[PDB]
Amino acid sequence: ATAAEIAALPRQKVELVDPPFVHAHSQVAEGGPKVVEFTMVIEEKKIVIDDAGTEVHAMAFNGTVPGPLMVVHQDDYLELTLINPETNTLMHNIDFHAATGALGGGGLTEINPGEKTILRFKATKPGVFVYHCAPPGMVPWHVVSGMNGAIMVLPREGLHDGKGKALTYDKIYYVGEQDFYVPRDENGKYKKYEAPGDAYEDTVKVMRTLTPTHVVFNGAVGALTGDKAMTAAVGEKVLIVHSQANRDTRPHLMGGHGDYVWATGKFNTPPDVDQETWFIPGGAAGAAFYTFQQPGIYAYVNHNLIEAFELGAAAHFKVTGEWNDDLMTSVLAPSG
């Protein structure tokens, strides 16, 4: 398309919502290609990640960890206005794995505190993709400080299974998984700092052990449980987008399955089916489609169970509806 042709395309301003919820959108494209506009303000802020009051100096796109899910359709253009407030202390940028050129846009979006930039790229490939900050020389530090999220580029005709039958979800949730490397003092106690820069040296030493101190969903232990549990009802079709910008993960819905799973996160690659536990490599996003069949509480976890239950990578789904005794039944309840 020419610059003129692009300039004539309809524009649509999208309002982002905080994970795990996703902004309003239509699975099947409404009309031809458009320039979908988004704006995100970068916020360097302290976040508490566990019940011991452990702090991380988060570098959050739109104020959240992970950054919000942006949804467009194949061949639409995504135009992001990215803002770095003067209240911040570091330079930041953004690299869209969904984009083509200049390090995913990282090379064209380096903004110091007080600056903003506007990047536009054509979403030529359908699927879920990670996006993350990548400042030359300080790439992993920003990413493991929570500066990453994902976007979903839906096929214009919506989702389909391997044989072309449409797959239409009732609900969609975005789970961003984050590995954190929090420094500890001589007494095994997590350290606190009053400036992001202050923790850099100590954090790099922990990062080099390749052993995170915490692995969490939506920025903190228990973030997606209890009251923030995701919800659904028997019969509902749910798409769960999951990303990990720096380290491998292996999602599993305890009590359910991934009926269709685009493990590589790319829609032109046929989905795997009937999955118990799928795999998403560090630096990628994946997506699982499941139709709930039983009511109750489900644990959605990274299935290295130490990472899920000792380090924090566990979320819950609360499902309403009628119990199905054909699928499962307690013939004899626990007894002497």
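One-based numbering along the sequence shown.
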Comparing mean C-alpha B factor in the record for 30 to 38 and 58 to 66, the higher one is 30 to 38
Higher of the two mean Cα B-factors (279 to 287, 293 to 301; per PDB record) comes from 293 to 301
Reading the B-factor column for Cα atoms of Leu108, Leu210, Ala220, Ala150, the highest value belongs to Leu108
Among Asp179, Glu157, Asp259, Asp248, the highest C-alpha B-factor in the PDB entry belongs to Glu157
Sorting the chain's modelled residues by C-alpha B-factor and splitting them into thirds places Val238 in the middle
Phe121: CA temperature factor from the record, placed by chain third, in the middle
Of the three thirds of Cα B-factor ranks in this chain, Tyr131 occupies the lowest
Temperature factor at the Cα of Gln244, chain-ranked in thirds, falls in the lowest
By the entry's values, the third containing the CA B factor of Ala195 is the highest
